[PDB]
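Structure below is entry28.cif: mmCIF, C-alpha atoms.
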data_my_file
#
loop_
_atom_site.label_atom_id
_atom_site.label_comp_id
_atom_site.auth_asym_id
_atom_site.auth_seq_id
_atom_site.Cartn_x
_atom_site.Cartn_y
_atom_site.Cartn_z
CA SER A 1 -90.07 37.52 172.95
CA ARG A 2 -90.55 34.82 175.58
CA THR A 3 -94.21 35.83 175.96
CA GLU A 4 -94.84 35.64 172.24
CA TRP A 5 -93.31 32.16 172.23
CA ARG A 6 -95.75 31.04 174.94
CA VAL A 7 -98.68 32.57 173.05
CA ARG A 8 -97.80 30.88 169.74
CA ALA A 9 -97.25 27.61 171.57
CA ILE A 10 -100.80 27.98 172.91
CA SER A 11 -102.54 28.83 169.64
CA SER A 12 -100.67 25.97 167.92
CA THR A 13 -102.44 23.47 170.20
CA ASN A 14 -105.49 24.11 168.03
CA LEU A 15 -103.85 22.47 164.99
CA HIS A 16 -105.63 19.20 165.72
CA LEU A 17 -108.91 20.86 164.65
CA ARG A 18 -107.74 20.89 161.04
CA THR A 19 -107.36 17.09 161.11
CA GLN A 20 -111.12 16.79 161.52
CA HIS A 21 -111.50 18.01 157.95
CA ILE A 22 -109.04 16.12 155.79
CA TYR A 23 -109.21 16.14 151.99
CA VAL A 24 -107.33 13.91 149.56
CA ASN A 25 -106.93 14.84 145.90
CA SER A 26 -107.15 11.59 143.92
CA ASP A 27 -108.49 13.46 140.90
CA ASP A 28 -107.75 11.67 137.62
CA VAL A 29 -104.76 9.63 138.72
CA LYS A 30 -103.32 7.03 136.30
CA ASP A 31 -104.61 3.53 137.01
CA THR A 32 -101.04 2.32 136.54
CA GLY A 33 -98.77 2.28 139.55
CA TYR A 34 -98.87 2.04 143.31
CA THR A 35 -101.52 3.16 145.76
CA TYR A 36 -100.12 4.67 148.96
CA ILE A 37 -101.82 4.11 152.29
CA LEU A 38 -100.99 6.67 154.97
CA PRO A 39 -102.11 5.87 158.56
CA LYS A 40 -104.42 8.49 160.04
CA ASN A 41 -102.63 8.34 163.37
CA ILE A 42 -99.33 9.59 161.98
CA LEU A 43 -100.86 12.11 159.64
CA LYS A 44 -102.71 13.68 162.56
CA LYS A 45 -99.61 13.68 164.77
CA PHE A 46 -97.61 15.16 161.89
CA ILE A 47 -100.10 18.03 161.65
CA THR A 48 -100.17 18.71 165.41
CA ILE A 49 -96.39 19.14 165.61
CA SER A 50 -96.25 21.31 162.47
CA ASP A 51 -96.62 25.00 161.76
CA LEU A 52 -98.99 26.97 159.52
CA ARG A 53 -96.29 29.19 158.03
CA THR A 54 -92.99 27.28 158.15
CA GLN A 55 -92.82 23.94 156.36
CA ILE A 56 -91.57 20.78 158.09
CA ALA A 57 -90.99 17.32 156.63
CA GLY A 58 -90.35 13.68 157.37
CA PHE A 59 -89.07 10.70 155.41
CA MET A 60 -91.53 7.86 154.81
CA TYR A 61 -90.85 4.14 155.14
CA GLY A 62 -93.26 1.26 154.61
CA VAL A 63 -93.99 -2.24 153.41
CA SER A 64 -95.74 -4.18 150.62
CA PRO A 65 -98.99 -5.96 151.63
CA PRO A 66 -98.71 -9.72 150.88
CA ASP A 67 -101.85 -9.79 148.71
CA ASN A 68 -101.65 -6.60 146.63
CA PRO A 69 -98.34 -5.89 144.81
CA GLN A 70 -99.67 -2.48 143.80
CA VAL A 71 -100.12 -1.21 147.35
CA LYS A 72 -97.52 0.44 149.58
CA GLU A 73 -98.42 1.11 153.19
CA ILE A 74 -96.52 3.89 154.97
CA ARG A 75 -95.70 2.72 158.53
CA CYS A 76 -92.86 4.95 159.67
CA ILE A 77 -92.05 8.64 159.42
CA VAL A 78 -88.59 9.94 160.34
CA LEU A 79 -88.15 13.57 161.35
CA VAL A 80 -84.59 14.74 160.70
CA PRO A 81 -82.82 17.88 162.00
CA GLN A 82 -84.28 20.61 159.85
CA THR A 83 -85.16 24.16 159.11
CA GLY A 84 -87.59 25.47 156.55
CA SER A 85 -89.47 28.39 155.10
CA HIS A 86 -92.92 28.99 153.65
CA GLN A 87 -91.56 27.61 150.36
CA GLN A 88 -89.37 24.66 151.26
CA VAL A 89 -87.70 22.49 153.87
CA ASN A 90 -83.94 22.10 154.39
CA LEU A 91 -82.80 18.56 155.10
CA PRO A 92 -79.28 17.19 155.83
CA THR A 93 -77.71 15.42 152.87
CA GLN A 94 -77.24 12.34 155.09
CA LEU A 95 -80.30 10.08 155.03
CA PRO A 96 -81.45 8.55 158.34
CA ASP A 97 -79.84 5.20 159.16
CA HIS A 98 -80.94 2.72 161.80
CA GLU A 99 -81.35 -1.04 162.05
CA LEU A 100 -85.10 -0.63 162.42
CA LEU A 101 -85.27 1.35 159.16
CA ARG A 102 -83.10 -0.91 157.00
CA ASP A 103 -85.85 -3.52 156.69
CA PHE A 104 -88.47 -1.04 155.47
CA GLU A 105 -88.81 0.27 151.92
CA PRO A 106 -87.89 3.94 151.53
CA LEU A 107 -91.11 5.48 150.12
CA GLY A 108 -90.09 9.11 149.85
CA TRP A 109 -91.11 12.06 151.97
CA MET A 110 -94.06 14.16 153.14
CA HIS A 111 -94.25 17.83 154.12
CA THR A 112 -96.62 20.57 155.23
CA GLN A 113 -97.27 23.62 153.08
CA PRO A 114 -98.93 27.02 153.80
CA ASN A 115 -101.43 26.93 150.94
CA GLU A 116 -102.84 24.51 148.44
CA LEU A 117 -101.07 24.91 145.07
CA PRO A 118 -102.41 24.28 141.53
CA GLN A 119 -99.14 22.50 140.70
CA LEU A 120 -96.39 20.68 142.59
CA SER A 121 -93.81 23.32 143.53
CA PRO A 122 -90.60 23.60 141.46
CA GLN A 123 -88.80 23.37 144.81
CA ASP A 124 -90.37 20.01 145.64
CA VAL A 125 -89.33 18.61 142.27
CA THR A 126 -85.77 19.83 142.80
CA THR A 127 -85.61 18.50 146.37
CA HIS A 128 -86.97 15.14 145.21
CA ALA A 129 -84.60 14.88 142.25
CA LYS A 130 -81.70 15.50 144.65
CA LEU A 131 -82.88 12.82 147.06
CA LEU A 132 -83.09 10.38 144.16
CA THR A 133 -79.70 11.02 142.54
CA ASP A 134 -77.83 10.89 145.84
CA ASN A 135 -79.55 7.86 147.33
CA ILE A 136 -79.28 4.56 145.52
CA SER A 137 -81.89 3.10 147.89
CA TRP A 138 -84.50 5.52 146.51
CA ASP A 139 -86.42 3.89 143.66
CA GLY A 140 -87.97 6.55 141.43
CA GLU A 141 -90.73 4.08 140.63
CA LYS A 142 -91.91 3.93 144.25
CA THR A 143 -90.71 7.02 146.13
CA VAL A 144 -93.22 9.88 146.29
CA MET A 145 -93.98 13.25 147.83
CA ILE A 146 -97.06 13.91 149.92
CA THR A 147 -97.98 17.55 150.34
CA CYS A 148 -100.13 18.45 153.37
CA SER A 149 -101.57 21.84 152.38
CA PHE A 150 -103.24 23.96 155.00
CA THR A 151 -106.57 25.20 153.66
CA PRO A 152 -109.18 27.21 155.58
CA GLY A 153 -110.16 25.16 158.63
CA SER A 154 -108.58 22.01 157.19
CA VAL A 155 -105.72 20.14 155.50
CA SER A 156 -105.56 18.90 151.89
CA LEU A 157 -103.34 15.99 150.87
CA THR A 158 -101.89 15.05 147.49
CA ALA A 159 -99.26 12.53 146.45
CA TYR A 160 -96.92 12.92 143.48
CA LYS A 161 -94.21 11.00 141.68
CA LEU A 162 -91.55 12.53 139.42
CA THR A 163 -91.61 11.73 135.72
CA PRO A 164 -88.41 10.63 133.99
CA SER A 165 -88.20 14.12 132.45
CA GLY A 166 -89.02 15.77 135.77
CA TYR A 167 -86.11 13.91 137.32
CA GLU A 168 -83.76 15.24 134.63
CA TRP A 169 -84.98 18.82 135.04
CA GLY A 170 -84.88 18.67 138.84
CA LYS A 171 -81.33 17.35 138.88
CA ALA A 172 -80.23 20.49 136.98
CA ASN A 173 -82.47 23.23 138.41
CA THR A 174 -80.50 26.16 139.90
CA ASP A 175 -83.02 28.87 140.82
CA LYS A 176 -85.04 28.48 144.00
CA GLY A 177 -88.07 30.63 143.39
CA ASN A 178 -91.42 29.91 141.79
CA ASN A 179 -90.84 30.02 138.02
CA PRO A 180 -87.55 28.31 137.04
CA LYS A 181 -86.86 27.91 133.32
CA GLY A 182 -88.15 24.77 131.62
CA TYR A 183 -90.52 23.83 134.46
CA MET A 184 -93.56 21.93 133.13
CA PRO A 185 -96.52 20.12 134.72
CA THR A 186 -95.23 17.14 132.73
CA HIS A 187 -92.28 16.83 135.15
CA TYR A 188 -94.45 15.16 137.78
CA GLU A 189 -97.48 12.94 138.06
CA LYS A 190 -100.23 12.50 140.66
CA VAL A 191 -100.46 9.09 142.37
CA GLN A 192 -103.23 7.36 144.30
CA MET A 193 -103.18 7.73 148.07
CA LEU A 194 -105.51 6.71 150.91
CA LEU A 195 -105.78 8.05 154.45
CA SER A 196 -106.69 5.07 156.61
CA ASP A 197 -107.04 4.26 160.28
CA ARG A 198 -106.87 0.52 159.51
CA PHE A 199 -103.38 0.32 161.01
CA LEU A 200 -100.88 2.52 162.86
CA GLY A 201 -97.59 4.08 161.87
CA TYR A 202 -94.69 5.18 164.09
CA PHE A 203 -92.20 8.01 164.43
CA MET A 204 -88.44 8.19 164.69
CA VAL A 205 -86.71 11.46 165.64
CA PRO A 206 -83.09 12.60 166.16
CA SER A 207 -81.41 10.81 169.07
CA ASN A 208 -80.77 14.15 170.82
CA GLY A 209 -84.53 14.76 170.98
CA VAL A 210 -84.47 17.81 168.67
CA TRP A 211 -85.77 17.83 165.09
CA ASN A 212 -86.88 21.45 164.82
CA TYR A 213 -83.92 23.82 164.28
CA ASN A 214 -85.94 26.73 162.93
CA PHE A 215 -84.95 28.74 166.02
CA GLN A 216 -81.43 27.30 166.13
CA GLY A 217 -80.28 27.70 162.54
CA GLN A 218 -76.68 28.18 163.66
CA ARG A 219 -76.61 24.56 164.83
CA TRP A 220 -77.92 23.24 161.51
CA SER A 221 -76.05 22.49 158.30
CA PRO A 222 -76.59 20.26 155.23
CA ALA A 223 -73.53 18.21 156.24
CA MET A 224 -74.62 17.52 159.82
CA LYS A 225 -74.61 13.88 160.90
CA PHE A 226 -77.17 12.38 163.28
CA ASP A 227 -78.72 9.21 164.66
CA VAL A 228 -82.42 8.48 165.21
CA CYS A 229 -84.60 6.61 167.69
CA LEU A 230 -88.23 5.60 168.21
CA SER A 231 -90.26 8.31 169.96
CA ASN A 232 -93.42 10.47 170.05
CA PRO A 233 -92.53 13.75 168.16
CA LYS A 234 -92.35 17.06 170.03
CA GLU A 235 -94.54 19.99 168.84
CA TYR A 236 -93.08 22.89 166.88
CA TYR A 237 -92.97 25.23 169.86
CA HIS A 238 -91.82 22.57 172.31
CA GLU A 239 -89.53 23.76 175.14
CA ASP A 240 -86.54 22.06 173.52
CA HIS A 241 -87.05 23.90 170.24
CA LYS A 242 -86.73 27.47 171.49
CA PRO A 243 -83.66 29.53 170.60
CA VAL A 244 -80.57 29.26 172.78
CA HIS A 245 -81.68 32.72 173.94
CA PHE A 246 -84.19 35.39 172.85
#
As structure tokens, the full file:
Amino acid sequence: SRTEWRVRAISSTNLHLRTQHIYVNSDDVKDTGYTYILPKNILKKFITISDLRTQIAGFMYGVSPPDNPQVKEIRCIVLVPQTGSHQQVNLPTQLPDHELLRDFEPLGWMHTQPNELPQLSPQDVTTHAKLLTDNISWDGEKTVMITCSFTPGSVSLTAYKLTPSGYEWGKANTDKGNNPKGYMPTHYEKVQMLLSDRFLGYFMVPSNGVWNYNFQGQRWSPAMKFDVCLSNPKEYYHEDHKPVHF
């Protein structure tokens, strides 16, 4: 329905309201490790281009502040060609590559999620374990996952790191659902994160100007190759994201 598309596009412009009420779960995090600082400007933009029901994601890149070795500031988010569901996001096996990105530190990924969950999803752990094993540039000691859970009238953020055992389990997991065998809360660990407007972050999207393939699944595949470039991200229901035909 072309009319439905226009209606959803309209209601989605109210997503920015949720970024007025942001929550960050820093509850009982170990005092050992890194603290992640996410810029408010990119978190808000990330929410405005997202969707309440279908998850989207982006890879995070950042730097190490000269005077605090235990702090990692996220300065760039890269949106890759993708598709997703209420339970997970589907990303190409090929990591983004660009001269501008090679001098940053890969810090993991972030993604939206329909509802707040009592535990990190088994899917997230599996997706993260895959990203680690395949990419030598991904340091398990610094890469993390930030979940942006939509809660009534707001968004709730949490950052996690995989545990050595979680990495092992994730690398072997074979059932995408919500209760895989052997899944324990001891497979992941919460990490400290801050939402700050002290500095700005930037976005990089596919060079063909299309990151959202949720209405063009036939043009998406895990093996697809792509390039990226600096740019302001297009919303979920942007003109260029609609299906080749309704």
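Closest approach to residue 41 of chain A among A:210, A:91, A:76, A:148: A:76, based on all atoms listed in the file.
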All residues 12 Å or closer to residue 10 of chain A, only C-alpha atoms, same chain fewer than 2 positions away omitted, as an MDAnalysis selection string = chainID A and resid 3:8 12:15 48 235:238
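Closest approach to residue 42 of chain A from the set A:92, A:222, A:201, A:206 is made by A:201, with distances taken over all atoms listed in the file.
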Evaluate the PyMOL selection byres ((chain A and resi 216) around 8) on the structure here and hand back the selected residues as a ChimeraX atom specification.
-> /A:213-215,217-220,241-244
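Of note, atom CA of residue 191 of chain A and atom CA of residue 159 of chain A are spaced 5.5 Å apart.
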Counting all atoms listed in the file, the option among A:32, A:68, A:94, A:113 closest to residue 226 of chain A = A:94
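Of the residues under consideration (A:229, A:17, A:223, A:52), A:52 shows the shortest atom-to-atom contact distance to residue 115 of chain A when counting all atoms listed in the file.
Distance check against residue 57 of chain A using all atoms listed in the file: of A:24, A:80, A:205, A:37, the minimum falls on A:80.
A straight line drawn from atom CA of residue 47 of chain A to atom CA of residue 122 of chain A is 23.0 Å long.
For the choices A:51, A:67, A:189, A:141, the atom-to-atom distance to residue 11 of chain A is smallest for A:51 when using all atoms listed in the file.
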Report the residues retrieved by the PyMOL selection byres ((chain A and resi 170-185) around 7) from the displayed file, expressed as a PyMOL selection string.
-> chain A and resi 119+122-123+125-126+129-130+166-169+186-188
Near segment 100-110 of chain A, counting only C-alpha atoms, which residues have an atom at most 7 Å away, once you skip same-chain residues fewer than 4 positions from it, shown as an MDAnalysis selection string?
-> chainID A and resid 57:63 138 142:147
By how many Å are atom CA of residue 2 of chain A and atom CA of residue 245 of chain A apart?
-> 9.3 Å
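The residue set within 9 Å of residue 45 of chain A, counting all atoms listed in the file and dropping same-chain residues fewer than 5 places from it, reads residues 16, 40, 50, 232 and 233 of chain A.
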Restrict the selected residues to C-alpha atoms and save them as an mmCIF file, keeping the file's coordinate frame.
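Result written to part.cif:
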data_model
loop_
_atom_site.group_PDB
_atom_site.id
_atom_site.type_symbol
_atom_site.label_atom_id
_atom_site.label_comp_id
_atom_site.auth_asym_id
_atom_site.auth_seq_id
_atom_site.Cartn_x
_atom_site.Cartn_y
_atom_site.Cartn_z
ATOM 1 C CA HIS A 16 -105.630 19.200 165.720
ATOM 2 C CA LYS A 40 -104.420 8.490 160.040
ATOM 3 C CA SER A 50 -96.250 21.310 162.470
ATOM 4 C CA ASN A 232 -93.420 10.470 170.050
ATOM 5 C CA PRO A 233 -92.530 13.750 168.160
#
Quick one: which residues end up in the PyMOL selection byres ((chain A and resi 26) around 9) for this structure, as a PyMOL selection string?
-> chain A and resi 24-25+27-29+158-159+190-194
Please check which residues have atoms at most 7 Å from (-107.6, 17.0, 156.8) in the file's coordinates, counting all atoms listed in the file, and write them as a VMD selection string.
-> chain A and resid 18 to 23 154 to 156
Could you take the residues named above and write them with C-alpha atoms, as a PDB file, in the coordinates of the input?
ATOM      1  CA  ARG A  18    -107.740  20.890 161.040  1.00  0.00           C
ATOM      2  CA  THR A  19    -107.360  17.090 161.110  1.00  0.00           C
ATOM      3  CA  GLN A  20    -111.120  16.790 161.520  1.00  0.00           C
ATOM      4  CA  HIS A  21    -111.500  18.010 157.950  1.00  0.00           C
ATOM      5  CA  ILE A  22    -109.040  16.120 155.790  1.00  0.00           C
ATOM      6  CA  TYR A  23    -109.210  16.140 151.990  1.00  0.00           C
ATOM      7  CA  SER A 154    -108.580  22.010 157.190  1.00  0.00           C
ATOM      8  CA  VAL A 155    -105.720  20.140 155.500  1.00  0.00           C
ATOM      9  CA  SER A 156    -105.560  18.900 151.890  1.00  0.00           C
TER      10      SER A 156
END
Protein, DNA and RNA residues within 7 Å of (-92.1, 26.7, 148.7), all atoms listed in the file, as a VMD selection string | chain A and resid 86 to 88 121 123
